[PDB]
Every structure is written in structure tokens, then in C-alpha cells.
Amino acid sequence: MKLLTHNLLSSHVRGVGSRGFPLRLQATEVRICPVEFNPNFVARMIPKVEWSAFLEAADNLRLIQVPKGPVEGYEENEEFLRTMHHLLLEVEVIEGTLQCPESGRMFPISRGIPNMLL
């Protein structure tokens, strides 16, 4: 499970209703997988990231120096896009759990696959 996937699975569309909450990640095994850098793709993902969920998951994975939000002119900032490419697409959770905030139940991640089935 990549962190972009965690973000998709976790995030809510913010609107007039009350705040939704992400799945809390607790990882026990991670791997690094090189993904071909697609800067146009990373740039269009930036405004769609739910940052608070991304930072929480990145903290659990012991990632460091993580950007705390979009930088100025980030569409032209290759270093920012490269960093976010790595953090969103190249750090894969292989074993772990996702905690449901409404239930407290733990859903297992095994062989990189979250099992959300009850």
C-alpha cells in the first residue's frame, strides 16, 4: 500500500458537513519500490492530498523532513515534486493495520494489500 492509496482510502470531500477522519496506519514492514517519475501526475495530485492524513501516516512510517504542505509555485519545483513522488508512490506498506475511526477495528495490511472486508 502506497501513501497515495492510503490517502484515497482515508480522505473525505470537505464541505458543509462535519469533519471526516482518516484510517490510522500502523506499519510493521515497509519496502521501497522505484516508480517511474511522472511530474505532471504528481503536480495534479498535490491539491487532492488530504495533508493531515498524509502527515500522520508519514510520521508512523518514520519518514523525515516531510513537506508540511504545498510550496509556492510547486508545479515548477522539481525537487518538491520528486520528494512528493517518493513519499506518495515509492514507500509501500507491506504489513500493518488500518484503524477505523468510527469503530476502532483494525483492518490488516498483508503482502501490501489492505483487507477492508468484514
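All residue numbers refer to positions in the sequence shown, first residue = 1.
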- Comparing 89 to 97 with 76 to 84, the higher average Cα temperature factor in the PDB entry belongs to 76 to 84
- Note on the structure: Looking only at C-alpha temperature factors in the entry, 53 to 61 or 33 to 41, the higher average sits in 33 to 41
- Should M106 be placed in the lowest, middle or highest third of its chain by the C-alpha B factor in the entry? middle
- Task: Could you tell me which third, lowest, middle or highest, the C-alpha B-factor of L9 occupies within its chain?
- Result: lowest
- Message: Per the entry's values, where does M1 land by CA temperature factor relative to the rest of its chain, in the lowest, middle or highest third?
- Response: lowest
- Comparing against every modelled residue in the chain, figure out the third that the C-alpha B-factor of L118 lands in (lowest, middle or highest). highest
